[PDB]
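Here the structure is laid out as structure tokens; the discussion comes afterwards.
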Amino acid sequence: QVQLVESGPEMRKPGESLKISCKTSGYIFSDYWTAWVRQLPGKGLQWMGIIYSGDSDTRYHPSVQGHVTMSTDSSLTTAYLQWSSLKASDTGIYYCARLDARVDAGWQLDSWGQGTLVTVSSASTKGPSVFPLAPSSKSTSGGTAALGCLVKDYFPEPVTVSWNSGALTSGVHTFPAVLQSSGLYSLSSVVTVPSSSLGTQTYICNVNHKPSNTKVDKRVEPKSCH
Amino acid sequence: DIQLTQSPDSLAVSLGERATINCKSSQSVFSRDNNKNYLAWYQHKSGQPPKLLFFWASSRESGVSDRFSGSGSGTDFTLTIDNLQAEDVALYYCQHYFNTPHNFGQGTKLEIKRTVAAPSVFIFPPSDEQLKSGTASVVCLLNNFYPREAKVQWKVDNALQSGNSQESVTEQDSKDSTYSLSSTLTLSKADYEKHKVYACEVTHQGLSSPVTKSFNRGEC
């Protein structure tokens, strides 16, 4: 069906070039524009502009003109956003979204990409260390056990956490990362489960940090005494 | 260049009640040629891409709940959510597409009010793996509480700590409208092994006294 799929997260140094992509499928590319939208810190969306693949006709927001460039590959039904010389303040989430080009149509954005976190920093990329938060009598009460993973010392954002390859979602809390004094991020992901089934169920946190090409699966087992 | 300004910036509304979010356009976005307002509303939930709700100010996108409605024209617009549900917790944006640029409003944060719920508290000593690396993180979890205002204090051998912890709170849950909070006390392995009792002490309006969760280092 109708889909817009963006590149994974990207990490670059200031001054470097970058082109992110938005692969569209499920609809006729030539019947639509493609818009790029930037998410602002805290709250807010900035309409950056649009591009029609038919003749590469472009509108830009007057305050993004000339710093970013939109293009398309109609053959690949894909739209691009490009910086020739990144600045650290370009960091943030960028969405693509489709817009009806037809006569008749309003120019609302009815389908959206998942967003791409672009980070621009002179600091070094670093993959996380992943440590178990083991269920024990100190995290078990009322029939409920809490367990989780500590994801420590990574850069940049984002780190992705799933549990049991996505089969475990209810009761999961993956906390917003904190910025340590070291300039590295840390977060935790926790889940509450029945304490009765700790002996029969298996809990694995799957940790992904694409900027460092790091993937960690950590089995989280109940604490025992040795 | 036409700008949109939303009111309020933030709104906290009880489950079952009505939520009203307003959008004021700096110029009219009503066309006498087409008899249409060039306006849309979007929902943006945590961790999801933005979703189209209305266009032409009042025309409802397919699959959007009948509890939602868009009204207004010219320069004043309203998004109304009746019978507020837990899953409505989100940021809401208006956008015009009258001319270029197709600007969005600054966003309105819709928060849900629910009954008071005290946190369940859990504590995690550091893993043996991490201890091998030379550092010790102690984690305290405050699960599923409301309202958001909760306090955590660390005590090590009954001495109040300062300067060695960080905390983070979740966004509001889309199912039970609660929050959770994680706090981490971090020490060197050396400092960690100089003490025995590690305690997390929790205050919340849902509790009449502070709740303490603790463990003794080394006790299996």
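Each chain in the structure tokens gets a letter, A, B and so on, in the order shown; residues start at 1 in every chain, and ligands are counted from 1 in the order they appear.
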#### Entry: Proximal residues of chain B relative to chain A (only C-alpha atoms; 6 Å) as a list in words
residues 49, 52, 101, 103, 106, 107, 122, 123, 170 and 220 of chain B
Would you write out those residues with C-alpha atoms, as an mmCIF file, in the first residue's frame?
data_model
loop_
_atom_site.group_PDB
_atom_site.id
_atom_site.type_symbol
_atom_site.label_atom_id
_atom_site.label_comp_id
_atom_site.auth_asym_id
_atom_site.auth_seq_id
_atom_site.Cartn_x
_atom_site.Cartn_y
_atom_site.Cartn_z
ATOM 1 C CA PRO B 49 4.682 10.166 12.029
ATOM 2 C CA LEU B 52 -3.792 14.046 8.644
ATOM 3 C CA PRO B 101 5.151 28.490 2.238
ATOM 4 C CA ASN B 103 3.170 27.015 7.211
ATOM 5 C CA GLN B 106 3.324 26.123 16.487
ATOM 6 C CA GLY B 107 1.477 23.112 17.915
ATOM 7 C CA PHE B 122 11.495 -1.041 41.802
ATOM 8 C CA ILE B 123 15.270 -0.995 42.347
ATOM 9 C CA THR B 170 8.313 9.108 29.780
ATOM 10 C CA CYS B 220 22.881 -12.236 47.020
#
List every residue of region 47-159 of chain B that has an atom at most 8 Å from any atom of region 6-14 of chain B, giving for each one its closest atom pair and the distance in Å to one decimal, counting only C-alpha atoms, sorted by chain and then by ascending residue number, as JSON lines.
{"residue": "B:84", "atom": "CA", "partner": "B:14", "partner_atom": "CA", "distance": 7.2}
{"residue": "B:94", "atom": "CA", "partner": "B:6", "partner_atom": "CA", "distance": 7.7}
{"residue": "B:105", "atom": "CA", "partner": "B:6", "partner_atom": "CA", "distance": 6.0}
{"residue": "B:106", "atom": "CA", "partner": "B:6", "partner_atom": "CA", "distance": 6.5}
{"residue": "B:107", "atom": "CA", "partner": "B:6", "partner_atom": "CA", "distance": 6.6}
{"residue": "B:108", "atom": "CA", "partner": "B:9", "partner_atom": "CA", "distance": 4.8}
{"residue": "B:109", "atom": "CA", "partner": "B:10", "partner_atom": "CA", "distance": 4.6}
{"residue": "B:110", "atom": "CA", "partner": "B:11", "partner_atom": "CA", "distance": 5.1}
{"residue": "B:111", "atom": "CA", "partner": "B:12", "partner_atom": "CA", "distance": 4.5}
{"residue": "B:112", "atom": "CA", "partner": "B:13", "partner_atom": "CA", "distance": 5.2}
{"residue": "B:113", "atom": "CA", "partner": "B:14", "partner_atom": "CA", "distance": 4.4}
{"residue": "B:114", "atom": "CA", "partner": "B:14", "partner_atom": "CA", "distance": 6.2}
Saved selection, atoms kept: N, CA, C and O atoms, as a compact mmCIF listing (two decimals), in the first residue's frame:
# COMPACT_ATOMS: atom_id res chain seq x y z
N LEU B 84 -13.23 12.64 25.17
CA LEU B 84 -11.78 12.46 25.07
C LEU B 84 -11.38 11.05 25.48
O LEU B 84 -11.81 10.56 26.52
N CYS B 94 -2.29 22.91 13.20
CA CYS B 94 -2.98 23.36 12.01
C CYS B 94 -1.92 23.69 10.96
O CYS B 94 -0.76 23.94 11.28
N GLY B 105 0.98 25.82 12.28
CA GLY B 105 0.91 26.50 13.56
C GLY B 105 1.99 25.93 14.47
O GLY B 105 2.64 24.96 14.10
N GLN B 106 2.18 26.50 15.65
CA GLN B 106 3.32 26.12 16.49
C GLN B 106 3.08 24.83 17.27
O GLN B 106 3.98 24.29 17.91
N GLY B 107 1.85 24.33 17.23
CA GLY B 107 1.48 23.11 17.91
C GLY B 107 0.79 23.34 19.25
O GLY B 107 1.11 24.29 19.97
N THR B 108 -0.16 22.46 19.57
CA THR B 108 -0.81 22.44 20.88
C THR B 108 -0.64 21.06 21.51
O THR B 108 -0.99 20.05 20.91
N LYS B 109 -0.12 21.03 22.73
CA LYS B 109 0.11 19.77 23.41
C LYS B 109 -1.13 19.39 24.21
O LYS B 109 -1.53 20.12 25.12
N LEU B 110 -1.77 18.27 23.85
CA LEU B 110 -2.94 17.82 24.58
C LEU B 110 -2.54 16.76 25.58
O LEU B 110 -2.02 15.69 25.24
N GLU B 111 -2.76 17.11 26.84
CA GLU B 111 -2.50 16.21 27.95
C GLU B 111 -3.81 15.69 28.51
O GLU B 111 -4.83 16.38 28.46
N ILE B 112 -3.76 14.48 29.06
CA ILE B 112 -4.95 13.81 29.55
C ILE B 112 -4.98 13.88 31.07
O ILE B 112 -3.98 13.61 31.72
N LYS B 113 -6.13 14.24 31.65
CA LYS B 113 -6.28 14.13 33.10
C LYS B 113 -7.01 12.84 33.43
O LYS B 113 -8.01 12.49 32.80
N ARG B 114 -6.46 12.11 34.40
CA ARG B 114 -7.05 10.85 34.88
C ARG B 114 -6.98 10.83 36.40
O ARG B 114 -6.51 11.79 37.02
### Query
Do you know which residues are at most 8 Å from region 24-35 of chain A counting only C-alpha atoms, after dropping those on the same chain fewer than 3 positions away, and could you put them as a PyMOL selection string?
chain A and resi 1-5+47-54+74+77-79+96-102+109
### Query
To one decimal place, how far is CA of residue 18 (chain A) from CA of residue 160 (chain A) in Å?
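If I compute the distance from CA of residue 18 (chain A) to CA of residue 160 (chain A), I get 22.4 Å.
Backbone DSSP of region 8-204 of chain B yields alpha helix (DSSP H) at residues 128, 129, 130, 131, 132, 133, 189, 190, 191 and 192 of chain B.
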### Task
List the neighbours of region 204-213 of chain A out to 6 Å using only C-alpha atoms; skip same-chain residues closer than 5 positions along the sequence, and give me the result as a count of residues only.
10
### Task
Might you pull out every residue within 12 Å of region 193-202 of chain B, with only C-alpha atoms counted and same-chain residues fewer than 5 positions away left off, and present them as a ChimeraX atom specification?
/A:138 /B:118-126,131,134-143,145,149-161,165,181-188,207-219
### Task
Apply DSSP to the backbone of this structure and, from region 2-204 of chain A, keep only the residues in strand (DSSP E); write these as an MDAnalysis selection string.
chainID A and resid 3:6 10:12 18:25 32:39 45:52 57:60 68:73 78:83 92:100 109:112 116:120 129:133 140:141 144:154 160:163 172:174 178:179 185:194 204
### Atomic distance CA of residue 26 (chain B) - CA of residue 4 (chain B), expressed in Å with one decimal
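Spanning CA of residue 26 (chain B) to CA of residue 4 (chain B) is a straight-line distance of 6.2 Å.
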